[PDB]
Amino acid sequence: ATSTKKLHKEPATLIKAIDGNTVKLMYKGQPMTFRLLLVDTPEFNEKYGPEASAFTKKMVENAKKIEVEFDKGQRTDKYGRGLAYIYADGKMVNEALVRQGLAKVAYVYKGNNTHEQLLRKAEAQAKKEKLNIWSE
Ligand SMILES: Cc1cn([C@H]2C[C@H](OP(=O)(O)O)[C@@H](COP(=O)(O)O)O2)c(=O)[nH]c1=O
């Protein structure tokens with residue numbers, strides 16, 4: 001039997017937080033806009049939108065260390081954005097948004113679904129707790 005490589009975390013530097021599910025980072029010396037895998041936040045004009053933007057922003061702006069983890073599948077979306085799990089001092093931004101009820105699990109493609117179960121677990125806790133998007 002042979003294996004493939006285990007996902008891994010690569011460092012990157014904050015350029016700018018964009019919105020609840022998009023951050024721009026300096027990655028190997030070039031800017032790349034990253035779309036968070038497996039999540040969707042409300043838009044900035046919808047309810048909870050500003051809160052989702054602010055959450056992501058604080059998390060990445062406060063971080064000493066930001067890391068990018070690509071999944072096993074597609075690395076870019078149709079609009080050119082990198083698709084990744086983003087970590088701020090070892091805490092996954094994708095997961096923290098879902099746990100807070102500021103993102104739903106969404107855009108789940110089987111090619112790129114490594115942390116699906118971890119996020120669904122977060123979503124189930126946020127729904128039990130009636131947070132934000134689940135409050136009604
Ligand atoms: C998470 C994710 C989003 N996307 C695309 C689908 C959505 O475009 P379409 O609606 O044109 O299909 C877009 C949503 O981004 P935002 O939620 O940032 O607006 O991100 C991917 O293509 N793959 C993914 O894994």
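What counts and what doesn't
The numbering shown runs from 1 along each chain in the order of its written sequence and may not match that of the entry; residues for which no coordinates exist are omitted. For side-chain calculations, the full set of non-hydrogen atoms in the structure is used, while hydrogens and water are omitted. Secondary structure follows DSSP: runs of H or I at least 4 residues long count as helices, runs of E at least 2 residues long count as strands, and numbering of each begins at the N terminus. Note on exposure labels: buried denotes an accessible area under 20% of the residue type's maximum, exposed denotes more than 50%, and partly exposed covers the range between, all computed with a 1.4 Å probe on protein chains only. Only strands joined by at least two bridges in the DSSP assignment are considered to pair. Side-chain atoms within 4.5 Å are what join buried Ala, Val, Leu, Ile, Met, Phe, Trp, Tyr and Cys residues into a set we call a nonpolar core. Contacts are assigned to residue pairs that have any heavy atoms within 4.5 Å of one another. In these notes, residues near a molecule or strand are those with any non-hydrogen atom within 4 Å of it. We define a polar contact as two N or O atoms separated by no more than 3.5 Å, with the added condition that, inside protein, one atom must be a possible hydrogen donor and the other a possible acceptor, whereas residues neighbouring each other in sequence contribute only through side-chain atom pairs. Computed with a 1.4 Å probe, the accessible areas rest on the Shrake-Rupley method; for each residue, only the protein chains presented here act as cover. Lining residues are defined by having an atom within 4 Å of a point belonging to a cavity or pocket. Those points lie on a 1 Å grid over the protein atoms alone, cavities being sets where a 1.4 Å probe fits but cannot get out and pockets being open sets with protein on both sides within 12 Å along at least five of seven lines. Should more than half of a molecule's atoms lie within 2 Å of a pocket's or cavity's grid points, that molecule is taken to sit in it.

Per the PDB record, this model was obtained through X-ray crystallography at a reported resolution of 1.500 Å.

Undergrad: For this particular structure, what's the right way to read unusual backbone geometry?
TA: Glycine aside, the phi torsion of most residues is negative, and most peptide linkages are trans. Within the chain, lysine 28 stands out as a residue other than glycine whose phi angle is a positive 45°. Within the secondary structure, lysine 28 sits in the loop between β2 (22-27) and β3 (30-36). For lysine 28, a relative accessible area of 65% gives the class exposed. Here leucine 38, not a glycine, exhibits a phi torsion of approximately 75°, which is positive. Looking at the secondary structure, you find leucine 38 in the loop between β3 and β4 (39-40).

Undergrad: Help me out: how do you make sense of the pairing of strand β1 (residues 10-19) in this one?
TA: Regular strands have side chains that alternate between both faces of the sheet. Here β1 runs beside strand β5 (residues 66-69); their pairing, made up of three bridges, is antiparallel. Bridge pairing in β5 places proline 11 opposite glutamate 67. Here five bridges tie β1 to β2, and the two strands are oriented antiparallel to one another. Along β2, the bridge assignment pairs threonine 13 with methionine 26. Counted between consecutive antiparallel strands, the loop separating β1 from β2 contains two residues.

Undergrad: Even after reading the chapter, I still don't get the nonpolar core, so can you show me in this structure?
TA: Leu25, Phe34, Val68, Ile86, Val93, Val98 and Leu119 are the most contacted members of the largest nonpolar core, which has 37 residues in total. Those elements that provide at least two residues to this core are β1, β2, β3, α1 (49-61), β5, β6 (82-88), α2 (93-99) and α3 (116-128). Ranked by residue count, the leading element in this core is β6, at six residues. The residues touching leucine 119, leaving out its near neighbours within four places in the chain, are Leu37, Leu38, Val39, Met92, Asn94, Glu95, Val98 and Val105.

Undergrad: Before we go on, may I ask you to explain the site of the ligand in this structure?
TA: In the region of the ligand, the neighbouring residues are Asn21, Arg35, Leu36, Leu37, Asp40, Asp77, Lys78, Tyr79, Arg81, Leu83 and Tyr107. With respect to the ligand, the side chain of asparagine 21 contributes an N or O atom lying 3.2 Å from an oxygen atom. Between the ligand and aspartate 40, the relevant distance is 3.0 Å, taken from an oxygen atom to a side-chain nitrogen or oxygen of the residue. Look at the ligand: alone it shows 570 Å² of surface, and the protein chains cover 73% of it. Comparing atom positions with the cavity grids shows the ligand to sit within the largest pocket.

Undergrad: Would you take a moment to explain the pairing of β2 for this structure?
TA: Here six bridges tie β2 to β3, and the two strands are oriented antiparallel to one another. In the strand pairing of β3, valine 23 is matched with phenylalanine 34. The turn linking β2 back onto β3 is made up of two residues, and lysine 28 within it adopts a positive phi angle of 45°.

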